[PDB]
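Visitor: The following block contains the structure, expressed as structure tokens.
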Amino acid sequence: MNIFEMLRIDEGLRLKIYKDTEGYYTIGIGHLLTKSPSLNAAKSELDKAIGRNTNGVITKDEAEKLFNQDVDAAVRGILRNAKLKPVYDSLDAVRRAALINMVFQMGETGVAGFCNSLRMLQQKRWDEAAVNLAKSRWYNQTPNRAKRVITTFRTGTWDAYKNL
Ligand SMILES: *SCC1=CC(C)(C)N(O)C1(C)C
């Protein structure tokens with residue numbers, strides 16, 4: 001297991017534009033196109049992202065290319081963020097993957113405001129951090145995924161993704 005395999009489990013793979021759990025047009029392995037309700041707007045984003053006129057359908061290789069860019073961007077975003085970089089740097093590689101997963105899902109600003117949980121993670125108070133992380137819109141709206149990410153933070157193991 002690694003961050004790519006973990007996010008591939010959590011995000012799926014679909015090669016046609018679809019709406020994500022928040023109702024937003026997405027494609028590939030969790031590549032958010034736009035929060036606009038216009039499908040045309042989403043197609044335009046997709047064509048810009050891929051570099052050709054797609055009319056809403058991509059290949060598996062294209063989905064993987066966007067996915068690699070999005071994982072890289074999440075990590076780069078963490079390392080440029082004054083609230084996230086210290087916690088990220090304090091973590092082991094498995095827990096770093098859990099933080100990348102959260103930033104991939106909800107964005108840098110979104111995770112950087114989990115300040116109390118970030119402090120508990122910096123403190124390596126893992127059970128406390130897990131309890132605090134669940135007191136969130138994130139957990140309530142995507143509880144199975146959040147439970148997997150939280151288990152990863154609590155244990156520093158991949159047990160929540162074993163058998164997935
Ligand atoms: S998100 C910034 C932050 C707030 C507080 C909970 C005081 N912290 O310990 C850090 C710096 C994580």
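Scheme for the structure tokens: letters A, B, ... for chains in order shown; per-chain residue numbers from 1; ligand numbers from 1 in order shown.
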Around ligand 1, at most 7 Å away and counting only C-alpha atoms and all ligand atoms, which residues are there? Put them as an NGL selection string, please.
Guide: :A and (83 or 112-116 or 118-119)
Visitor: Skipping near chain neighbours, those fewer than 3 positions away, what residues fall within 12 Å of segment 16-31 of chain A using only C-alpha atoms, listed as a PyMOL selection string?
Guide: chain A and resi 4-13+34-47+49-50+54-71+73-74+101+104-106+137-138+141-143+145
Visitor: Can you tell me, as a list in words, what residues are no more than 8 Å from residue 154 of chain A when counting only C-alpha atoms, ignoring any on the same chain fewer than 2 positions away?
Guide: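 Using only C-alpha atoms, the neighbours found are residues 126, 127, 129, 130, 150, 151, 152 and 156 of chain A.
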Visitor: Given the selection you just returned, output its residues as a file containing N, CA and C atoms, formatted as a short mmCIF file (atom, residue, chain, number, x, y, z; two decimals), in the first residue's frame.
Guide:
```cif
data_model
loop_
_atom_site.label_atom_id
_atom_site.label_comp_id
_atom_site.auth_asym_id
_atom_site.auth_seq_id
_atom_site.Cartn_x
_atom_site.Cartn_y
_atom_site.Cartn_z
N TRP A 126 -2.54 9.96 19.27
CA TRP A 126 -3.27 9.41 18.13
C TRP A 126 -4.71 9.08 18.42
N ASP A 127 -5.01 8.54 19.60
CA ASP A 127 -6.40 8.20 19.86
C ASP A 127 -7.19 9.49 20.01
N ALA A 129 -6.49 12.40 18.66
CA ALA A 129 -6.61 13.01 17.33
C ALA A 129 -7.75 12.34 16.57
N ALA A 130 -7.80 11.01 16.64
CA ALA A 130 -8.85 10.29 15.91
C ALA A 130 -10.22 10.72 16.39
N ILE A 150 -8.92 7.97 9.33
CA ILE A 150 -8.69 8.13 10.76
C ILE A 150 -8.01 6.94 11.35
N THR A 151 -8.40 5.74 10.91
CA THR A 151 -7.70 4.53 11.41
C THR A 151 -6.23 4.57 11.04
N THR A 152 -5.93 5.11 9.88
CA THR A 152 -4.55 5.21 9.41
C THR A 152 -3.78 6.18 10.31
N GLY A 156 -1.10 4.25 12.33
CA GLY A 156 0.11 4.32 11.54
C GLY A 156 0.32 3.03 10.76
#
```
